[PDB]
């Protein structure tokens, strides 16, 4: 049979009341011919792409039609805590909340997803994620590929696993609290190995790693290069040519790739050196989508310069915050042992060479920052507003992968896990790798967040977040 076409999320803008409506609800999807209950925004799975313009405000009306509470967080958007949609941003089942977003950051591809306390991994795994396309005046002048769903296409890549009855098989247990929830089936905008027909010339892909726990590494099947033009928080100063592009959970990159007549190629993900993630079929390069060239000229450009990246400032005298990530040693060792028992040696491929003892020992609060599992009622500190700070994040003490994300900002990486960042990672980021080493970022918060609607800082391996690896902080 033929591959399905890549689903394209609808690109949504405001009505004359300046409103965008998002409904959160459950329905059915089909995977490999089997129905499954899934959740979506404005549909049964995933969500639309909300289009925002710098300097304009929009109001979003969010209707929770699930039977459990949820929240809606705009990952990558710099907005006050009151509208950030972290765990305090509860939307009751059957209720509605509205937020007004005053967009004030450069063009970028951001995304949105639930942030329900202790249940974010399940709610994302069940299907909830959407996209945010921010435009500004600068980016349109570049004449990049811009025809949505033709030569400018979002690519949301996620894994799932399913039970024999076809349902999504999600669990937050001792194993997944240690190594994450991951599966054996790869979805691309919700479809299994789709094709996308693209015109000859440049094709812009807006890549999102929407997995709960799996890191990805994109490349092409015939080794044509990818030209990175943007990271989480917007354009790079100039394109960066790569042969492979690692993408951590929750990160976005935009790339241009050449499309030539008569030569289809796949976007693939290459095996990664992360525990659990190289079990077949992910022990080998895995297709993401087939690009099918069409003999119609594509009009977009790859300009030599994209934007101006400001210099880093002097670091002397800036506030230095320390954030020590940790995992309880026993629950780390127990969850790694369960992984090894289940899958054997392959669960460490590519890596470097039972009684109840009470709530003190519960895995639901085993992961921590600065010795504390996330306490929604106690922000750990009060950060300055409008001031650069250096945040130092350490994963020394365990060897798991922690893509560390800070709400309310786009930062600059100073050190990523003990090395200067790669050139395509040196611009605006909202995530930094922490794995057995130490990272340092330069952050500035332009908006307030009070104790009642605090910003989060957390590992974006969702099962770690949900079992305590998160803190709240206020600004202003």
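Residue numbers count along the first chain shown, from 1. For clarity, a rigid core is taken as the largest C-alpha set superposing within 1.5 Å between two forms.
Remark: when the other structures in 6 other deposited structures of this protein are fitted onto this one via the rigid core, 290-298 deviates more than the alternative among 266-274 and 290-298, judged by RMS CA distance. Between stretches 311-319 and 132-140, greater average Cα displacement in 6 other deposited structures of this protein relative to the shown form, fitted by the core, falls on 311-319. Looking at the other PDB entries for this protein, residue 359 is absent from the model in a third or more of those that include the residues around it. Coordinates are lacking for 10 or more deposited residues between residue 353 and residue 354.
The PDB entry reports B-factors from which the mean C-alpha value can be compared for 214-222 and 369-377; the larger average falls on 369-377. Comparing the deposited coordinates for 225-233 and 354-362, the stretch with the larger average C-alpha B-factor is 354-362. In the PDB entry, the Cα temperature factor peaks, among 124, 72, 272, 399, at 399. When the Cα B-factors of 147, 299, 195, 120 are read from the PDB record, 299 comes out highest.
When all modelled residues of the chain are sorted by CA temperature factor, residue 332 is found within the highest third. The deposited CA B-factor of residue 48 belongs to the lowest third of values across its chain. When the modelled residues of the chain are ordered by C-alpha B-factor, residue 1 sits in the highest third.
Residue-level temperature factors show residue 429 in the lowest third of its chain, judged at the C-alpha atom. The PDB entry assigns residue 154 a C-alpha temperature factor belonging to the lowest third of its chain's modelled residues.
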